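Just one chain follows, in the form deposited in one PDB entry, and it is written as structure tokens.
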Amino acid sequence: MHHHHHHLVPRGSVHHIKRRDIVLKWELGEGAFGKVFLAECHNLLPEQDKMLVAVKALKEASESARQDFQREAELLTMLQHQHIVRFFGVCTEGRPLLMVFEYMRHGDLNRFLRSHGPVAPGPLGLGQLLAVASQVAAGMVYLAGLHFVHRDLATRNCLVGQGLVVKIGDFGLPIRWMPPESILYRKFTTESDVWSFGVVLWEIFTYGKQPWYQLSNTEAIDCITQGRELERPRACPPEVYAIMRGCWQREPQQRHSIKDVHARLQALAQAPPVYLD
């Protein structure tokens, strides 16, 4: 499951949280081998007696799932960045096994885009869409620096917190976001992540529409393998579509680097182009 991350070596142990320090509130979601709950966590941070967290309750104990649990936990404690999901630790006393994360008040980015399109309610402006895109790019720069290949970058895997802070996570094939080499040869690299970032940019600028929405899963696969490009969204300025095309070069070595994509987005976010659809 995490074999592709073998070159990543943990410096230290995972933070352990006492079961009695976690107080479950209600389910936030479910899918990837477990339910996610909102909860209160006591004695986690020094200043606050209690705070809200998101808790994933693991469904199994194969015990290949318990082996994957420990490795995943060791990997997540290593990921520490402003735009990467914040992992607090595990609870191993009893069953089910628990993983504790930061609670992100506005939920997933896909639902956030869909509800703020066609917190302050209303449609997100160009400046706000660029700010979202720059934050996701910042997280991807961090992952590329760690030699961490995400493999499933998509807005459904991003979270929105207080003050529109965006963080990348993975809530558990995403063919529509993949380049041809990932679909055909299961080749997942920093370069296939940059392609998915380009698709994330397309999702942002379409307010969360599914890529290749006019096509069946089969038609979408053939279409990506043949080299057809996603159309420019109506809300997308020409400067931003140039970034998408850079992420979508057929040759992985020709794709723009995430450092350059992030730098370009920072420039656009700081001074948005005067663009009107």
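Here the rigid core means the biggest group of C-alpha atoms that line up within 1.5 Å when the two forms are laid on top of each other. Numbering starts at 1 and runs along the sequence shown.
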Compare the other PDB entries of this protein and indicate whether residue 61 is left unmodelled in at least a third of them. yes
Would you please confirm whether residue 47 lacks atomic coordinates in a third or more of the other entries that were compared? yes
Residue 172-residue 173 interval: deposited residues absent from the model: 10 or more
Can you say how many deposited residues have no coordinates in the span between residue 118 and residue 119, choosing none, 1 to 3, 4 to 9, or 10 or more? 10 or more
Between 66-74 and 235-243 (mean CA B-factor, as deposited), the higher: 66-74
If you average the CA temperature factors over each stretch, which comes out higher, 253-261 or 6-14? 6-14
Could you say which of 33, 37, 212, 248 has its CA atom at the highest B factor, as listed in the PDB entry? 33
Which of these, 196, 110, 82, 92, has its C-alpha atom at the highest B-factor, as the entry lists it? 92
Lowest, middle or highest third of the chain for the C-alpha temperature factor of residue 162? highest
Taking the chain's C-alpha temperature factors as the reference, tell me which third residue 54 falls into: lowest, middle or highest. lowest
Within this chain, which third does the Cα B-factor at residue 143 fall in: lowest, middle or highest? lowest
Cα B factor band for residue 184 (lowest, middle or highest third within the chain): middle
Among all modelled residues of this chain, ranked by Cα B factor, put residue 131 in the bottom, middle or top third, i.e. lowest, middle or highest. middle
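If you look for the form deposited in another entry, you will not find it shown, but the lines that follow are about it.
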Which one of 94, 127, 145, 163 is the only residue whose C-alpha moves by 2 Å or more between the shown form and the other one, after superposing on the core? 94
If we fit on the core, is the Cα of residue 21 displaced 2 Å or more between the shown form and the other one? yes
